[PDB]
Amino acid sequence: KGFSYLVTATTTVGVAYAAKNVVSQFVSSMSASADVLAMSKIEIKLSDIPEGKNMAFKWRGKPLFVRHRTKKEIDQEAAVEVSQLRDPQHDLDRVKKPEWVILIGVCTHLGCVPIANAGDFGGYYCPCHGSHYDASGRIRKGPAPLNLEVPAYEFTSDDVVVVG
Amino acid sequence: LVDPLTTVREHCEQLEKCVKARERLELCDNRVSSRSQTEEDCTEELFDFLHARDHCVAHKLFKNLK
Amino acid sequence: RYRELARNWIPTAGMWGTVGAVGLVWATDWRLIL
Amino acid sequence: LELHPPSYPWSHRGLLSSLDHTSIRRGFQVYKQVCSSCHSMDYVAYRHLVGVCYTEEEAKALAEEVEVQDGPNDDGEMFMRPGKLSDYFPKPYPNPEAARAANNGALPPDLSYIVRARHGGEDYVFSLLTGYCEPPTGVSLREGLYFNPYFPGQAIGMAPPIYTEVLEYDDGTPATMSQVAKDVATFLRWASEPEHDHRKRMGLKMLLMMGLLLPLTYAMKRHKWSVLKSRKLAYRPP
Amino acid sequence: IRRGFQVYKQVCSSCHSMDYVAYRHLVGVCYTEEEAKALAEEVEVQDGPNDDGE
Amino acid sequence: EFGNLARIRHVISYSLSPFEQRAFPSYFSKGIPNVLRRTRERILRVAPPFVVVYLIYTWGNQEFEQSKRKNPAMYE
Amino acid sequence: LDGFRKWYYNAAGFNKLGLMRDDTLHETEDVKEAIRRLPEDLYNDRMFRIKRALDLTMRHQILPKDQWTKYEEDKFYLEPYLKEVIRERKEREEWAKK
Amino acid sequence: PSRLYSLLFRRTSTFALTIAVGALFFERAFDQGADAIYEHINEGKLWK
Amino acid sequence: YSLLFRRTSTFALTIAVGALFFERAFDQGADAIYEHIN
Amino acid sequence: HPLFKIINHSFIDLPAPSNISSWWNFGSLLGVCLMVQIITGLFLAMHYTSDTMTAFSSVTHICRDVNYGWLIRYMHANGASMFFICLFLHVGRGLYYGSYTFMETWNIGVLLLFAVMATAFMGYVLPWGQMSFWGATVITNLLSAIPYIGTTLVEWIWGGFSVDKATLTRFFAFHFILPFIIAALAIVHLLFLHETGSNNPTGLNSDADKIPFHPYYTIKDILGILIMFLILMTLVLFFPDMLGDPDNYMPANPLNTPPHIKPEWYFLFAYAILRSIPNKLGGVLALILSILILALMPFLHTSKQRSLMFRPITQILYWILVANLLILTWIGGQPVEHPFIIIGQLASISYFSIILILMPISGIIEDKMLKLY
Amino acid sequence: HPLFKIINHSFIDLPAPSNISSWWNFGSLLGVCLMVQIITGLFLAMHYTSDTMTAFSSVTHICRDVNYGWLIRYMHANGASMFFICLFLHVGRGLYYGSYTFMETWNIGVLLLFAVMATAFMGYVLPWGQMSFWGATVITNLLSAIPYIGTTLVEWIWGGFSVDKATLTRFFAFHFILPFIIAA
Ligand code: HEC
Ligand code: HEM
Ligand code: HEM
Ligand code: HEM
């Protein structure tokens, strides 16, 4: 009896392997295709954004927000202390250079385009649910869970910032 | 060439209800201007007057126009 | 009487969960989990 | 917070009131002479006009009026042909950037579906085009802006494009700013729904057919259901 | 395959078109990432999204 | 199916042919009274929730407007 | 409390359609059992009552007021039986746990 | 009229036949009528 | 039989576990064979 | 004949209760609406192109040059709206008359409701307007709630970093394929019901009074089909844009976002609940429960009477439930600001407390009033 | 259980002849092939675009950039070939063993055969290659043979003067929708 049962256990094992490989293929197929994957390409000109301006680049589909900040934004941003800061992040740790603020550009509250310079704290604002982001892109008021993600920007130079 | 709208806006403003509104706005205007350190604008005040004027114009503009 | 019945299946039930769980980790190819 | 354009007694508003089709003619003239410099009616082609306010041959005239160069050429990378009936309306500023460049970085939205895309469009359009009033105290529009109480934010890059007698209507109807805004709102409306008239005719036939068919089907149902609705039950225990 | 890609690059590329094959496809087949990056940087392309540059 | 649905006894059931009866007998004659009879028996259970929905909706609208109203003390 | 009850009664309406409380008990397994045990007369009577109700509902109509049930007249025909079904049901259950 | 029933409705096929013919003609009338009604309704606002 | 072939539950466990390992093993051997052929 | 056996039995002689009102028409209307949607959807599929390159235009071409193509497109959109109207009234009939005690039929129903909501969501994404793109991103990111499984899953559906062509094409495939699964699930829905037969508004055993279906509830379904067709066409041919949104007539701009974004009317009640819960995850869960609470409904029936025809206190609680469902539909529309938020929070609290707590307690009280408890 | 009763009634306790050979497997294979085709077809539909400018580009994108997309595409094509192999052997079994005396089953079969041939024809038109376009024109032209209404019918199907995008898109819709009718 054991032998017969052993035979099927073996057969079942092989089948598991079979089923495992196939499903993975389909999910991966639906999963990011090469082309999608091959989009991390990104480059930007710093000189493109004058101080206190939000610039769009839509890198990786997400409308990239490469923003610049005004004197107030560049300087007062640090005044947020920490308790005053809704999130635990640091305003400047978000920017190699304070004036140039680089962020993904999607308010964490279920996704949307942050409206820069509009809102209660000013600096960014999610019209969809009223999330107000400071110039640092840190969620200060509203229901947005976390600060705007800051991409891996490369400050190659002061006139051209190339995330990648 | 008299744009019917022009005339209509006249009659409409002449409406007393509308008249009272404009007054309020002007107060705001001067108040805003007089106030030195402020940011309140009469836009909201302007907005309210318009709604009425426009509604009135709505009642008498289309027909005037050809 | 019910307690006895429950006792009998408690271990086997865990066995079943374990069976699926073993395959689960495998199927999920989760390296994080087992 | 935005001014909400009032309801105007637009002629086409009536349940069975078709678009003037006489006014539209005027409105387009307004788009061709004023609005086509910045905005693009991408989804409306000359052929579309035939049957609404311009006849086949007549449309052919307008089509030829403009010039359209297509790249495919035997050796050349283009060949310029006066627009044919099939050609779509000519969009200026080929790339949007072109538009932004000259429009203070503000893209003139295609006015093809503007009326459909703008809440209360027909009204909005009229209001915006005619809402170019004086900016109030405290307002500080940025360079290259104008003041319209309706436009979202009240800061539309578009400068006021309709000055009384901006263009002359071929029909001769006095070209007052309003007469021009009403005509272009009717036209843009037509643009956003070329089938407005045809549909309303279908709706009239539908109302007549349902007014015929609903009491008759109700009568058939009440025939078949009368039998039961008259059934008298009686309990007669022995 | 690497030698045959060279041939196209030099002799048959000027008149025929390998449209459905991109510099990305070569990585892990004939060239490394940096070699294919250098090969790609050897042919300029057109983007034309400039404020005015089209 | 029919025949095995239920067991009743001594319940006689009279009926008439469709073509032998008027189509809408006393339709508006008793229909109106009945419809009105019906509305009475259900209006107190149905209507007051929708009445207070109307009051809450209006209230919300007006309250919202007042909320949008500028504080007199604002910027002064 | 009778006032309340009688009032609720008229409010429920089951009276209007010539139906006693019992006539309106969902046919759960137990209720069904009791129904079967019902002496034939009550059963046949129950049926006419229910059939009549159905007909009236069909026409969205109610019986003439006079024919309406009366809070007092209403008798609970199944109650005595139903209890038994529940009692027996529970007994078997406890015994199961034994 | 009994004639109608006796001739047009009695035979199921005729019942259909009459319906068929009626349909063939109804369109003409309804279309034209509604068209004109519509035309009159929007008497002046049209392409013409 | 007395461990994985007595009751369905036991049988199930071995299947899951064995399949878990066979997968990698199969690929590994295939590596050799595939490389062997090429 | 084997087929005719299935036919006559199921569609002609099905012993049906004689006293079921017009509400029992609605489910048949849903089936008709399904067929209508499928037919109109097929005639949208002969000219639509999933490419993000030509989507907007494909649709424009549909409403501009495709013969009567505007008619088929607006029939499809307003037929989706009519589908959700008939679906909500069907679910309300099931809640009011105690039809959830047919538990298998109810569970196949709530599966059908989930499938129909997913189909309508992806279909609304399909024209690739401004509103479609921001709507897709938004509740897709909703899926980004799950901590470990969520993020990847989102991009998995997005098929990339952010919704883009990858999504549109797979959403076209899924929106095409799900109504046939809905039709198969509706066949299972009809089967699980004929085993038990339909319910009647009195909630009693209608075995003593059953009539055929062919001449009695067929002409009734035909009349209901005619009335539903009157409302649809008069919502397409005269008021075609009433239920839609104007910002969907703009092309999808990833750089801009429609200032005022809202789900379509039918998905609002849920939207309100989601917005109400402060925690993102909480919102997602509550949202799901909003629909799922129904499935949970057959285990909450504590009354000895099936229907609410003879139950006035639970009738009052039911109409209060319909009332704050309408309130949640309104709130979703309203923007985020006082006092819309508080109403939303209460309305959600009242919704869950009426379904979970108040109705079984009221049924116990009603059983106590009839000297049953 | 009313759902498990049908499944039991058709697959578990169904009384089958004890001596049926391997040929009786083939019809079940056809059902499996149908699913397989549907599943592979669904995973072709998440990346295929029915536009004449982009159909060949989408097929090459499936083969070159989608992870295991070449696998699903060639599984779909060779599964159509396997479907017709199993279909021909199923019909040959029915002809050889006298199974056509089940007349209703045979007629539903030949309806299924017509539907499968139409589905495979439009599916072969779908990749918009050289061979697909000339093949489509050819068979669409077949219809023109009709004595009186032929020209109209051809033009209808084509949706224009000659097969062009109008056809491709409606052929995508029909090729999508017919295997579910085949399943019913
Ligand atoms: C010579 C230039 C010019 C003319 C003439 C012109 N426009 Fe514009 N229009 C613009 C520019 C630039 C913008 C972009 C402004 C912005 O986006 O803020 C614009 C934007 C608009 C918008 C977008 C408003 C919104 O809701 O976002 C509408 C509507 C509009 N124009 C209507 C018209 C109509 C209607 C006419 C004539 C009947 C007209 N325009 C003529 C330059 C023009
Ligand atoms: C298999 C049958 C169906 C097919 C082939 C189909 C096909 C399509 C296509 C091609 C579109 C894009 C057209 C456009 O939106 O501009 C679309 C849109 C849509 N479909 Fe479907 N559909 C089907 C069934 C359904 C069903 C059952 C529903 C309802 C649940 C539905 C709801 C929608 C909605 C809401 C839209 C968007 C309407 C809009 O543009 O605002 N469809 N459908
Ligand atoms: C669009 C999807 C649906 C379709 C097409 C559908 C169709 C039907 C049909 C045709 C019936 C036969 C009885 C009748 O129509 O009155 C029915 C009964 C029923 N459905 Fe649905 N249904 C759907 C969704 C639902 C949902 C979501 C629920 C649960 C909320 C539900 C609950 C029921 C119940 C309880 C019955 C039995 C009611 C009775 O006959 O007394 N259905 N359905
Ligand atoms: C609903 C199920 C199906 C779907 C969704 C579907 C979908 C598709 C799609 C998108 C294509 C074009 C891309 C490609 O596969 O090459 C295609 C091609 C094709 N399909 Fe289907 N299909 C289905 C069922 C079938 C069936 C049942 C058959 C067999 C009769 C079939 C035979 C083909 C063939 C021969 C091609 C051309 C393959 C090639 O490009 O070389 N398909 N199918």
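Residues numbered from 1 in each chain as written, not as in the entry; some residues may be left out. Chains lettered and ligands numbered in written order. Part of a larger assembly, values for the part shown. Heavy atoms only, no water.

Its PDB header attributes the entry to cryo-EM and lists the resolution as 3.6 Å.

The PDB entry annotates chain F as Cytochrome b-c1 complex subunit 8 of Mus musculus. In the PDB, the title recorded for this entry is "Respiratory complex CIII2, focus-refined of type IB, Wild type mouse under cold temperature". The UniProt entry for chain F carries this comment under Subcellular location: "Mitochondrion inner membrane". Taken from UniProt, the Sequence similarities comment for chain F reads in full: "Belongs to the UQCRQ/QCR8 family." (UniProt positions renumbered as here; feature names shortened; annotations may be inferred.)

As recorded in the PDB entry, chain E goes by the name Cytochrome c1, heme protein, mitochondrial, listed as coming from Mus musculus.

(A) The interface of chain D and chain J, seen in detail. In this complex, chain D contributes 39 residues to the contact, which on the side of chain J involves 38 residues. Overall, the association of chain D and chain J removes approximately 3,300 Å² of surface from exposure, summing both partners, and the carbon and sulfur fraction of that is 68%. Put simply, chain D and chain J have 3 salt bridges between them. Across the salt bridge formed by J:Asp65 and D:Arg47, the nearest N and O atoms sit 2.5 Å from each other. Remark: the boundary between chain D and chain J carries 12 residue pairs in polar contact. Elements that contribute at least two residues to the side of chain D that touches chain J include exactly α2 (46–49), α5 (114–117), α7 (177–192) and α8 (196–230) of chain D. When residues of the side of chain D that touches chain J are assigned to their parent elements, the largest contribution, 19 residues, is made by α8(D). Of the residues belonging to the side of chain D that touches chain J, the class tally is 22 nonpolar, 7 polar and 10 charged. (Contact = heavy atoms within 4.5 Å. Buried area = accessible area lost by both parts, 1.4 Å probe. Salt bridge = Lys/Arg side-chain N within 4 Å of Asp/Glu carboxyl O. Polar contact = N/O pair within 3.5 Å; in protein donor to acceptor, adjacent residues only side chain to side chain. Helix = DSSP H or I, 4+ residues; strand = E, 2+ residues; numbered from the N terminus. Nonpolar A, V, L, I, M, F, W, Y, C, P; charged D, E, K, R; others polar.)

(B) Broad picture of the arrangement of the chains. Counting contacts across all 20 pairs of chains that touch, the top pair turns out to be chains D and J. Chain E shows no contact with chain J. Their nearest C-alpha atoms sit 15 Å apart. Considering only C-alpha positions, the minimal separation of the non-contacting chain F and chain K is 16 Å.

(C) How the structure looks around the coordination of the iron atom of ligand 4. Residue and element names in this part refer to chain K. The iron atom of ligand 4 binds to the protein through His76 (NE2) and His175 (NE2), with metal-donor distances spanning 2.0 to 2.1 Å. Viewed at the metal, the 6 donor atoms of the iron atom of ligand 4 are separated by angles of 84 to 178 degrees, and the geometry they form is octahedral. Of this pair, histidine 76 sits in helix α4 (residues 69–96) while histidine 175 sits in helix α8 (residues 165–183), and the two are 99 residues apart along the sequence. Relative accessible area serves as the criterion here: at 19%, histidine 76 is assigned to the buried category. Residue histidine 175 is classed as buried on the basis of its relative accessible area of 18%. (Donors = N, O, S within 2.8 Å, 3.2 Å for Na, K, Ca; no water. Tetrahedral: all angles 85-135°; square planar, octahedral: opposite > 155°, others 65-115°. Buried < 20%, exposed > 50% of the residue type's maximum accessible area, 1.4 Å probe, protein only.)

(D) Molecular detail of the coordination of the iron atom of ligand 2. All names here are of chain J. Summarising the metal site, the iron atom of ligand 2 is bound by the protein donors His76 (NE2) and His175 (NE2), whose distances to it range over 2.0 to 2.1 Å. Around the iron atom of ligand 2, the 6 donor atoms sit at angles spanning 83 to 177 degrees, and that spread fits a shape best called octahedral. Separated by 99 residues along the polypeptide, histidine 76 in helix α4 (residues 69–96) and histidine 175 in helix α8 (residues 165–194) bring together distant segments of the chain. Each member of the pair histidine 76 and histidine 175 is classed as buried.

(E) Main features of the site of ligand 2. All names here are of chain J. Close to ligand 2 lie 21 residues; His76, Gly123, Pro127, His175 and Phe176 are nearest. Measuring from a nitrogen atom of ligand 2, one finds a side-chain N or O atom of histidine 76 at 2.6 Å. Contact distances for ligand 2 include 2.8 Å between a nitrogen atom and a side-chain N or O atom of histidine 175. Only α2 (26–45), α4, α5 (103–125) and α8 provide two or more residues apiece to the shell around ligand 2. Tallied by class, the residues present in the shell around ligand 2 amount to 15 nonpolar, 5 polar and 1 charged. (Near = heavy atom within 4 Å.)

(F) Molecular detail of the interface of chain G and chain J. Every contact between the two is made by 26 residues of chain G and, on the other side, 26 residues of chain J. Between chain G and chain J, a total of about 2,400 Å² is buried, with carbon and sulfur atoms accounting for 67% of that surface. By the criterion of area lost to chain J, the three top residues of chain G are G:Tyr8, G:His26 and G:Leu54, representing 28% of everything that side buries. Linking chain G with chain J are 1 salt bridge, by the criterion used here. Salt-bridge contacts for G:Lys51 lead to J:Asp209; the nearest nitrogen and oxygen are separated by 3.2 Å. Our enumeration of links across chain G and chain J arrives at 9 residue pairs in polar contact.

(G) Up close: the environment of A:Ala32. Residues and elements named next belong to chain A. You can see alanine 32 is positioned in the loop between α1 (2–30) and α2 (34–37). Residue classification places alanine 32 among the buried residues on the basis of a relative accessible area of 15%. Through-space distance from the C-alpha of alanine 32 to that of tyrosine 5 is 41 Å; in sequence the pair is 27 residues apart.

(H) Layout of the packing of helix α10 (residues 268–276) of chain J against helix α12 (residues 312–333) of chain J. Residues and elements named next belong to chain J. The interhelical angle for the contact between α10 and α12, taken along N-to-C directions, is 70 degrees, at an axis separation of 7 Å. Judged by the inter-axis angle, α10 sits roughly perpendicular to α12. Contact residues: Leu268, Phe269, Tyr271, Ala272, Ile273 and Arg275 in α10; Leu325, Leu328, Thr329, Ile331, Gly332 and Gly333 in α12. Taken together, the residues that form the contact of α10 with α12 break down as 8 nonpolar, 3 polar and 1 charged. (Axes fitted to C-alpha atoms, helices over the stretch in contact; angles between N-to-C directions. Parallel < 35°, antiparallel > 145°, perpendicular 65-115°, else oblique.)

(I) Local environment of the side chain of D:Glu122. Its place among the elements puts D:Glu122 in helix α6 (residues 121–129). Aside from chain neighbours lying at most four places away, what touches D:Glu122 is D:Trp10, D:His12, D:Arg13, D:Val115, D:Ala185 and D:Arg189.

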